[PDB]
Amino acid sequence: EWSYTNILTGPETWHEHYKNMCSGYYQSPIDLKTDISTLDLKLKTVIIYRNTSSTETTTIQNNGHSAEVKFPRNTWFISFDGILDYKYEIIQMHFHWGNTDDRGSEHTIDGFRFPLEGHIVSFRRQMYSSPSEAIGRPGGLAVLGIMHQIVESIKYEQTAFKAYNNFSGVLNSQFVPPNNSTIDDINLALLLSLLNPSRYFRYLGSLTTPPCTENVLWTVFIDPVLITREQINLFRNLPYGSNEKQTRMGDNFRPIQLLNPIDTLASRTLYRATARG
């Protein structure tokens, strides 16, 4: 078992409890350094798109470590090449946040932490026929990281919670693990339009929870979407699972890893994208 807040099973111990692959040298998250990174003009605008034929329901679960939206199969997709041919299929979205407004994200941008980081998880359908085939195999996954920032003055309609449909009001103190509820579908395309989908960091890394598999193509958008203090506080109402020391869910982020730990056998590079200027 693992946790974020119990020192016996917490992030500092993952490298020993889950050597495959939390002891690896292509771990995530990392500090996304604007100065150090390599601008690669070939990396294209990200597109998220829906299959309009899909009618299946979306659900959300308190899994004890995060709030996790589970999307139905064959519904939401990512394109990184401008073609809408289902190369990447979205599986779930979950969130990492802080006890306080000045931390919570897993990635940092030039050392800066955001209050909330969302992770849209997809599998390389182009190669693998199902999520469960992809999740443990090389090159199986692509995750999008969406930073959120708190503003004081904003209409609900322009916040990320409009795309999320407030998660159908499920984020509250009675949403205890491992409860799951049906929720309204999440408009992921609207969510993406709240930021610049051409402006992002790109690197090869890992899942950020055990077993930290090193099979994730990461894309982290630089511009945040916007939320309110009221909205962040809804997440903080969720209870942690019983293996955590802290009662309410918060600080559910993994500490920063190095792009290239000293023991690396082949260095990786951090890339950056921007719009055809």
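So that there is no doubt, residue numbering starts at 1 and follows the sequence shown.
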Going by the mean C-alpha B-factor recorded in the entry, which is higher: 64-72 or 215-223?
64-72
Out of 34-42 and 205-213, which one has CA B-factors that are higher on average in the deposited record?
34-42
Split the chain's modelled residues into thirds by Cα B-factor; is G24 in the lowest, middle or highest one?
lowest
Quick one: classify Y164 as lowest, middle or highest third of the chain based on its Cα B-factor.
middle
Place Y128 in the lowest, middle or highest third of its chain's C-alpha B-factors, as listed in the PDB entry.
middle
Mind checking which third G104 falls in for C-alpha B-factor across the chain?
lowest
Record-listed C-alpha B factor of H119: chain third:
lowest
